[PDB]
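Report on one structure; see the data block that follows.
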Amino acid sequence: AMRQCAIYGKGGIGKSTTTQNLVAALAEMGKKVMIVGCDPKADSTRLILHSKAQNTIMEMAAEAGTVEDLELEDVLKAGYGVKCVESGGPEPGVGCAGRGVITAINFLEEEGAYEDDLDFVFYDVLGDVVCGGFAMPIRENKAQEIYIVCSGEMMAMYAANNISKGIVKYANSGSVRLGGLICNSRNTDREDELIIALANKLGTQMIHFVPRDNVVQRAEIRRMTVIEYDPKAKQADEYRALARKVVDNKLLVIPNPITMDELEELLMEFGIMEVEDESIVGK
Amino acid sequence: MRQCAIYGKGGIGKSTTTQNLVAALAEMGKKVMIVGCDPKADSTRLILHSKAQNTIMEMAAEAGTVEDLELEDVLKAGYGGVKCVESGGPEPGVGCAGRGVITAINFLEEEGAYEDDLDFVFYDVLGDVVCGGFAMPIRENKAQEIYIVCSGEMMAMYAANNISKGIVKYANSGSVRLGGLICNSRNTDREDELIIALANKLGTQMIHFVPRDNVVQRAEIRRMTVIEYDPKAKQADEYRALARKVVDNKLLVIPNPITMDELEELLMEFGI
Amino acid sequence: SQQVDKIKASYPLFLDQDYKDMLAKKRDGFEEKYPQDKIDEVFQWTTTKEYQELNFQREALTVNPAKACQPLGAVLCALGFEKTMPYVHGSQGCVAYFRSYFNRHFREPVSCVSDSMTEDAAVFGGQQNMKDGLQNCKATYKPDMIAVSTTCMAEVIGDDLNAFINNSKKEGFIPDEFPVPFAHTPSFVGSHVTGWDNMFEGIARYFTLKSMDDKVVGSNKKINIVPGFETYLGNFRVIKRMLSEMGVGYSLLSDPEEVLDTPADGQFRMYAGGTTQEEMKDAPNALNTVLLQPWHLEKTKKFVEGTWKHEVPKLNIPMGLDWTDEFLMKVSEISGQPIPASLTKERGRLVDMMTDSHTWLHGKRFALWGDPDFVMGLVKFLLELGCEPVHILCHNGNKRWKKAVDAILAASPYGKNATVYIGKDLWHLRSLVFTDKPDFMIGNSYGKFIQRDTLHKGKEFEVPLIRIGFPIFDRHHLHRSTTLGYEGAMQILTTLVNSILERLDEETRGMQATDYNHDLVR
Amino acid sequence: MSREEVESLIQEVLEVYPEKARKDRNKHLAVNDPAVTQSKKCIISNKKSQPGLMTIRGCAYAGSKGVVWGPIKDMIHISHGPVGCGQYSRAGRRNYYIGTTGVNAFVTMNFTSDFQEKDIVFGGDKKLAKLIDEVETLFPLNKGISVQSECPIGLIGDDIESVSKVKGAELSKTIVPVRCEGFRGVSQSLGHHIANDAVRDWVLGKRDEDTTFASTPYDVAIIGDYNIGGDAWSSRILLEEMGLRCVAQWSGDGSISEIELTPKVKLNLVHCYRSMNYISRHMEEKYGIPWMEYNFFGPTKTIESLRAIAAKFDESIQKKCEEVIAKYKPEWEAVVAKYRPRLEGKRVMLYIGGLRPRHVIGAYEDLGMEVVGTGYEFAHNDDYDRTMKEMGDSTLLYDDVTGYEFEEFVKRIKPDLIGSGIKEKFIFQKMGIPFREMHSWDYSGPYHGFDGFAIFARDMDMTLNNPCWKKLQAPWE
Amino acid sequence: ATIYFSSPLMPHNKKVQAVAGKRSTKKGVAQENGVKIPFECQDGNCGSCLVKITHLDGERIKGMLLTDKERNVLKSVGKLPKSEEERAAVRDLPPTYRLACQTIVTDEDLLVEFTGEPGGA
Amino acid sequence: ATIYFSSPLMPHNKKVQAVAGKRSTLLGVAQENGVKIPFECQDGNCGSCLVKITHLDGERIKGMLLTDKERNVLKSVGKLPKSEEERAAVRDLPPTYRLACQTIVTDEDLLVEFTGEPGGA
Ligand SMILES: Nc1ncnc2c1ncn2[C@@H]1O[C@H](COP(=O)(O)OP(=O)(O)O)[C@@H](O)[C@H]1O
Ligand SMILES: Nc1ncnc2c1ncn2[C@@H]1O[C@H](COP(=O)(O)OP(=O)(O)O)[C@@H](O)[C@H]1O
Ligand code: ICS
Ligand code: CLF
Ligand code: SF4
Ligand code: SF4
Ligand code: FES
Ligand code: FES
Ligand SMILES: [Fe+3]
Ligand SMILES: [Mg+2]
Ligand SMILES: [Mg+2]
């Protein structure tokens, strides 16, 4: 009854916005969804709760002394009918930046939040690096279906290749598979085709293409999702379209990561990178 | 409300300078509270006119435990409406000598003796060692402003360097800053420029210079602070200048430690 | 299922079919209870002579004992003084048990306080508990005097009450002239009757000793009476009546009958009557001191003889016929007052009752347990009735007491069967009534389980219990009766003969089987 | 109502105390505000008793031997120490059991070490080892031995753990050492914790490697019901009628086998939260067995508890739950129609330690009676969190009430009935106020379930409306 | 009961066997085995014997009584957080820091850490 | 051998009995008992199984061999001071920090602490 999901990608490409809007769209179909913020930025529940920022598990654990005393009700906030939690992170410089994810998922399982009263569970995981904490959901079989937000950017595809390398590494001890690829519009002409080719190289599918819409900013200032701000808008239709094909997704494949050279040749193919030659090197 | 702490080696005039400081401050109509964090309990005698104010530590032991202690029995008002608290230490050899400060400061917060529209809170703290409950104001961010009272002597300057080392350790975890170097005179030649030389080595400006005279000792027999004894005296206005320079001090700088030879060179090049 | 017109309590509600089926399921499914054939085989083995030999080879384990601990007796002694608080130095669990024990027997309020010693007192002693407790008790309940006893916890850690009480007065917790007598009452020495002796000696020594040189013997022309551990309110009243009928001046020391029998009139009297401190100070002025229960008043005898210079007579408990005669004649000689005709008529009515019922009492076998003085007086009265004591048990008896009872049994043809057991508990007695079956038991309510055991073996092996002693929990207002004097002997005789007649009526009630002996006239 | 004069009342009563006692006793008295969810800001509990104020609290030995371990029927419980402790607690609490006493059941018997002066001075553990051998000789059908230590055991220094290990392995039988010395803890409350730990550390994990027990999906274990007057038997029949089968009873009528079979259960039904929350929290952690609190006092709380229990199972159980509610509906409705008119509108002040005060409030309200006062001898602050909503607004709340305080509170409130223990019963009967024993049910009961509500209604009516309460004053007075 | 003592002054951690529940506290166990925990009072009011206790068998944690005297001393040296004070008051579970002269040995395995300095740094 | 596992991720410290010297390492004992030390390689080079080990019975410390692979990984993580390296090379004494996948259980009592994070913070 529960479909554990995770969304990965490079920092600043729109993981939170797309995840919150898709989760808000899911609630319209009567789906019970829970959002777990696995990003140290801790703003992945802003547009659901219409709040400044949700209090993170690390904040209450430190202010109360330990994680044992933490009430589930204080940790889990219900807005729009969908439960919201933020892992948070330790102080920058000490410990592991992904420590909040490890603490939060452990606490949620012990307290009973993860029990199957929800149809969907989503993780907003930072994917700029694959280390302890941020790769813990993959390692500990806590997110069966992974969706990668990727743009037509060299760094965005590089992170997408790195996350797929993490999935195959744990493909023989768990059921973690790659659900699809989300393309967010970087206002790049060849980018929708560029990610289609990347998914074919990786062996997966482009689950959708999200166009850059300025109506998202108008909902972001409101601390609100696009679908509730303007249900009749076409941006809410794309988010609705993304929601249906996420539920209807059945292609959960073990990806085939590509090398650095194959990434570069794929960039030069679509004209973002120019055609390089070996005889024009010294000048 | 500004929380300040007076640190320094034992015996350089740390108490009387603080008593006359807030005597002048209350003459301006300000509401100042004095907390004695010295195991010696004479830090508030000259503003209460008493033999020895009953310490919080003595009262708790006599009356069971600190829970049974009442705020009125520990907070006594003096001249100028100054709130007076005295926290003694334990007997020698019985545990940490600084437990009195921890018990008293926690007690004052629990009873809410700070929120009563107080302007200034002053901690007169032993500075011979920076550890236990004596370092507690710096450790727990209790006193944001810190003034070191020192003289032109190795031990007094060594104590000033040690407190500055304590400020650096806890600078990142709270706004505890070195405010200035209160300098008192033991009537030695070239002392004003010597301490100023130490201050600019730290990078923190000296607050004011306090020369020695017999007027404070005539007041000591009275048990009444110089300012309230005779407001027209030379030193009576001199603490006014020291108080005015304290309330209007806008620059706080993190200290940088000075090595042993560096301090020795500073003392030697002054002809001492 | 309940009918609103006939509501059933636990008995016989759980005898319904649905409850019977539920209990059968519970035990068969999860209990793993031994087979009923095995249970019956083990039960029968416990009723045999080979089990008794195994039973009487016990040293470390004691089962179903017949004694309490010392501070229980100390509280009862302290309750007999006017406006006095019993104060137990130690853990609060003792006082809750002491009060409940006496509440269930007397069905009356029992006032006692503790200083509530805990782990910090275990580590650092209980001096601070004494100081605060003494001040708290005096301010709140306003006693005229506080009597201090000890819990086993305070005895093990060596808390000395003299220094603690003295330090309480010199530091202002209580006034220096407030009377605080004390006694050490270790629960691992003796029993509850010993605690009564300890507390009484401490209260007596607290008032008389510093004033001893002034006192002279016989000046006040009264006789001191020390009752001891007494849980029958009629035993206090009968001694007062007999001495006041003789015109004898007397001072009952530690008489609690008033505080234990307060009237219900919309008001709760926390203190009632009790001996005044005055009578304790004037006690060494008496002609002599009489101890009603000498065998647990030994430490008091040393103080009264040594300090007060009273020649305490050698008297037994005034139980039965012969010993009530000796008590009255000794009192007459001491006080110089003759025995009046009222006590002569009362004695003759007891003899009249003895001859009327001697036919039904002759040769009956009795097994009895109780405190030393009570047991000896009961055995003596049984011999005077022609009854045969068979098993005499005293869990708090010594070798000297056991020798004195044997001499009493030797001087009568009805004590041939009787044997005296000291240090034996009621599990030993259960073996005795199985292998050497008597007709009846005489003891406290703990013997009701022995009667239940004997009935399980069979109706012809059942030994009915007669309830005389302390504590009696399953009957109401039996604490109001008397066991001393001629009046106490009449009440005991009536109980004994009518228990025999009740048992005989039950055995001959079967129509056409045994009811040929169901006589109207007995 | 009238919280202003209750606050005034609390102040006048406390004027007799010294300053030290007056300061502490003020923290333990409060006026009820049902809107409060955190009682720590209104009342303080689980503290030491003030010396010499006639507290009603017991000791840790009472909480462990007398409450938790004693009801277990096929085990032999040794009162280690002097003779006093086991004698005063022998058969003084009624826990109903089905057995042959002295053969396979030993609840009403007193096994003790009977410490003397030589045992206080010279060891004491050699006597314990010898005692265990005699128990095996004379009581061979016993299924375990527990050593309940009294005050001197920890004060002289004794190792009852080693004797339990050495003799337990030698005789192949479970010996449970319990360090329930009375001076440990401030009341009976710590006795429950100590007893629960001994169950967890020596008994509960016995049948871990075993899998020969056939378990159904409807397995439930009763926890925290000690069968006072047959209370647990009344509760068990309703659960059985609902389809559920109960493997274990803790610990009224309990057996050593049921305790060991508890970790093979799908749902732990906790009645007494105070005494058995420690072991149910352990079982949820180790075996993953969920637990919940239920209430079988009165029909309103019984129906609410039965439906909540059925909601944890499939729909066959819920249909069966509707059957037992309909079957018993005319029974308790006839009880209310008979007894509520006589009891309507009358005020009751209740003082019991731990679970019963909050628990009995509903059953009283089912008869039109209003609880003016609720108090606990040894409840913690989590128990007071649970009772502020159950109590009415501006009602008196007390914790560890002294003998003086309770008398003063009663003569000002003047309730129509008081429910407390034996130590208070005879004080208030001299004062002309009807009194019901709320620990022992005044040797009546049971009070749980629908069968116990009829008895409860009859009992309250028989005492409150008794003719004897109109004759306290003499006609010439 | 097995107790493991640990201190920077001790070259090696010391393992001892102790009898639980003795009136002599952990201070007693330390002194028989020559463990140099500083003991500078006989009334339990200094903080000199402050130690850190770790329950190695986390399942076998015994409920105890935090005495009001020990509680106030632990607060006077800043070693009793509010969450641990509430846990002792409600759940009767021991705090992390204890006073050795006031700590009763229980039937479990414990790791006792001290620095050689009195409580309060 | 008695092993006590401790971690902030663990509500209670876990006590286990282990057979000393098994080909299966500390990682074996942890995995059989459900202790969630992060294991992220099969060649012993990632260093994610870093644990802090305390010998509770200091008298019973067993000499062992610190292999060149474990030593180099501990340097790459930074959990190997120069004095501990010299102690292992000269006295064959184990360092404070170990890799659980490369640690052989010995016949003593051990306290194993981990944070749930890979070696290298
Ligand atoms: N569908 C969209 N159309 C236009 N702008 C978007 C869209 N989604 C996100 N953005 C913008 O991108 C910025 C970063 O997105 P965000 O979700 O914070 O990135 P991250 O994936 O790091 O959470 C936001 O300021 C937001 O305004
Ligand atoms: N401004 C001053 N002029 C002259 N003498 C002073 C002055 N201030 C302090 N003294 C003397 O120096 C001594 C310092 O002691 P005091 O200030 O009371 O305690 P502390 O040791 O805390 O400084 C006093 O005995 C006082 O007589
Ligand atoms: S165990 Fe407790 S005092 Fe929960 S020690 Fe006490 S047979 Fe009371 S309110 Mo007597 S926590 Fe049981 C109790 Fe309640 S003995 Fe009985 S009635 S439901
Ligand atoms: S608090 Fe509890 S009941 Fe009290 S003793 Fe201690 S374990 Fe026991 Fe038994 S024997 Fe008599 S009554 Fe006490 S004083 Fe020594
Ligand atoms: S594992 Fe990754 S997130 Fe954690 S400290 Fe190392 S680099 Fe940072
Ligand atoms: S920290 Fe300082 S004040 Fe405390 S005991 Fe050590 S030296 Fe003394
Ligand atoms: S030695 Fe002073 S508190 Fe322990
Ligand atoms: S698991 Fe990778 S180094 Fe041990
Ligand atoms: Fe009565
Ligand atoms: Mg984000
Ligand atoms: Mg001074």
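FYI, nothing fancy with the structure tokens labels: chains A, B, ... in order, residues from 1 per chain, ligands from 1 as they appear.
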
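Here the strand (DSSP E) residues in range 278-511 of chain C, by DSSP on the backbone, are residues 288, 289, 290, 291, 365, 366, 367, 368, 369, 388, 389, 390, 391, 392, 393, 394, 419, 420, 421, 422, 440, 441, 442, 443, 465, 466 and 467 of chain C.
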
query = If you count only C-alpha atoms and all ligand atoms, which residues end up within 9 Å of ligand 6, as a ChimeraX atom specification?
reply = /B:93-99,129-135 /E:48,117-121

Near-residue 414 in chain D list (10 Å; only C-alpha atoms; drop same-chain fewer than 3 positions) as a JSON list (two decimals) with C-alpha atoms, in the first residue's frame:
```json
[["chain", "number", "residue", "atom", "x", "y", "z"],
["D", 347, "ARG", "CA", -20.58, 14.16, 46.10],
["D", 348, "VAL", "CA", -17.66, 11.77, 46.66],
["D", 349, "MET", "CA", -14.02, 12.47, 47.63],
["D", 372, "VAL", "CA", -15.39, 16.54, 44.26],
["D", 408, "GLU", "CA", -9.48, 19.30, 57.24],
["D", 409, "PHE", "CA", -10.47, 18.99, 53.57],
["D", 410, "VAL", "CA", -13.34, 16.62, 54.36],
["D", 411, "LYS", "CA", -14.91, 18.76, 57.10],
["D", 417, "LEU", "CA", -19.08, 9.56, 50.54],
["D", 418, "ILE", "CA", -15.35, 8.94, 50.87],
["D", 433, "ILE", "CA", -19.50, 10.27, 56.73]]
```

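The list of chain B residues within 12 Å of chain C is residues 62, 63 and 64 of chain B; this uses only C-alpha atoms.
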
request  = Throw together the list of residues within 10 Å of ligand 8, counting only C-alpha atoms and all ligand atoms, and drop it here as a count of residues only.
outcome  = 28

Test item: residues lying within 6 Å of ligand 3 with only C-alpha atoms and all ligand atoms, as a VMD selection string = chain D and resid 63 67 226 272 274 to 275 352 to 356 439
